[PDB]
2 protein chains.
Amino acid sequence: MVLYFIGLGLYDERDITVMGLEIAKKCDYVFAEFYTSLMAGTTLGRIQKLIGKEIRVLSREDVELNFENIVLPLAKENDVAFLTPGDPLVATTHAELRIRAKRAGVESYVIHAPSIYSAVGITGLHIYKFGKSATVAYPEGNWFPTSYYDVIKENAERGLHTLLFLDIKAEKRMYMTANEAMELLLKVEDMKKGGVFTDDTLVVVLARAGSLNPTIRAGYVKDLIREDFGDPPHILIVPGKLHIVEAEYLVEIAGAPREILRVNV
Amino acid sequence: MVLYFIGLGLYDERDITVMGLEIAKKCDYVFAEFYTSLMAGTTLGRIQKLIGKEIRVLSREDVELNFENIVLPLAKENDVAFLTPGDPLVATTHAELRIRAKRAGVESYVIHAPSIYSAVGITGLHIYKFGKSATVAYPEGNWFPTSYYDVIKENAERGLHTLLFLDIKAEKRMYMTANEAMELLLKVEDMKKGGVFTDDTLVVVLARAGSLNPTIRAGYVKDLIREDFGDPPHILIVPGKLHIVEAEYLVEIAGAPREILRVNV
Ligand SMILES: Nc1ncnc2c1ncn2[C@@H]1O[C@H](CSCC[C@H](N)C(=O)O)[C@@H](O)[C@H]1O
């Protein structure tokens, strides 16, 4: 009679919360999507094995067009679950699915999980200092998205950090890397020239958060653009003016150039 | 030789991730702190029972002044776990502890869990639209802090949502309610008079995030400043201009007045 939105976490199946595991385990039907993000440490099997249920994986289409046709009806007479990577409501449109559940007479519940949005705290950057967020999207045809560039600008003026979610094309199995993102940013700089993103801008890269050996790096674009951060998923962060402790961490932990320690108050 | 920072999640003892509960059980020693926050939906006893390890609670002084004399020494020759509410390293000072671990030649790994920063997505407000964050502190003595007001000013000005943490006297186990926070904001408005927070201002209140039955309420200050949002802690959110999808979710899910569909979009 109820629908459960359950996050699976950052990297592998275990990143699910105890609450989530016990709820899934006792659900009649189990659905899930793997297009809003990439969990690089698991497979559908492990998930099924860990949960003890078969999972019917839905596509973006199935969801954005037929959620209320494929999943809701079932919830009407059973306890159904819908699994997603990270937290199910962060940087997605799944929140709107809840309204569909309401309009279908189905009560829904959200079981949170660790999200990349807060996991970036491992970069040593103060979470409260992050400003507006944005996504570096793959250009399509002659359409070249640029707004994410303005966000960085607007935040930096206020001294706020910018969190840049990198694009993903699950079906095409395309996962944007920090490098490609840095590449697109540089090209946007040329056609705007706002002195916002250049070879001397400081950036921070976080790859595969949730894994025990994630890639945490900070430095100048020039020195990082061609660097290997390992397999996806990747996220890019353009920090604002740093606090001494943030810099001390970036250097001591992310291998940033000791010269960022000498902050220009 | 290994120090494990494990997040306990948001509300009860079931909010810890499966990876966290396993790494915790296999540790030799287990520390925890409940000064940055409390798990209002559980107890130290229930967490101890779930992990099967006695837990030593450290104070804000035990950590900020003697982390290296209390926890790291044991981490040199054993597997030690440091448990904290929410997601590790989100609390602005916990990051430098990893630096202390590095300095002591100790290995450290961060085991994530749900944070209030990502969990607030249950309000239906888009995550990327959150700006700088802040804490509403109680005035006291001759000290009357008001920055959180300006934070709201700069975010709403750029159409960004402001996440407001409410003061907590962790030790005395005393919380600031959402109602109290509003009353304080009105007084700040009444003094600075910047057209930021008034009776007509729209706010969102989140309580007990992480439990299956969170309180999600949205509406105008004048109709919510005296409303009963249940037990603490409470999170207050002052939204910026809303996306129609956001407003609809606040109406359909958080019981907000239809008036917001024409006044706040
Ligand atoms: N474990 C991880 N490590 C690094 N980046 C990650 C990540 N998980 C997600 N991301 C980033 O966020 C994008 C997916 S956005 C969807 C996020 C999800 N709801 C959550 O709560 O995490 C990815 O393309 C990537 O840029």
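If you check the header, you will see the structure was determined by X-ray crystallography, 2.5 Å.
Here the Cβ of each residue, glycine as well, is placed from N, Cα and C on the backbone.
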Of A:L8, A:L10, A:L21, which one shares the S-adenosyl-L-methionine site with A:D87, A:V90, A:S115, A:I116, A:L166, A:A209, A:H234 in Swiss-Prot?
A:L10
Chain B neighbours, restricted to the binding-site residues A:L10, A:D87, A:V90, A:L166, A:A209, by C-beta under 8 angstroms:
A:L10, A:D87, A:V90, A:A209
When you measure from the Cβ of A:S115 (S-adenosyl-L-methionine binding site), which residues in the chain that are at least 6 apart have a Cβ under 8 Å away?
A:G7, A:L10, A:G86, A:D87, A:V90
S-adenosyl-L-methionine site span - longest C-alpha distance across A:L10, A:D87, A:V90, A:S115, A:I116, A:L166, A:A209, A:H234, in Å:
17
When a 10 Å sphere is centred on the Cβ of A:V90 (S-adenosyl-L-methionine binding site), how many other Cβ atoms does it contain?
30
Counting only other Cβ atoms and using a 10 Å cut-off, which of the binding-site residues A:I116, A:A209 scores lowest?
A:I116
Would you mind checking how many other C-beta atoms are within 10 angstroms of the C-beta on A:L10 (S-adenosyl-L-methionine binding site)?
28
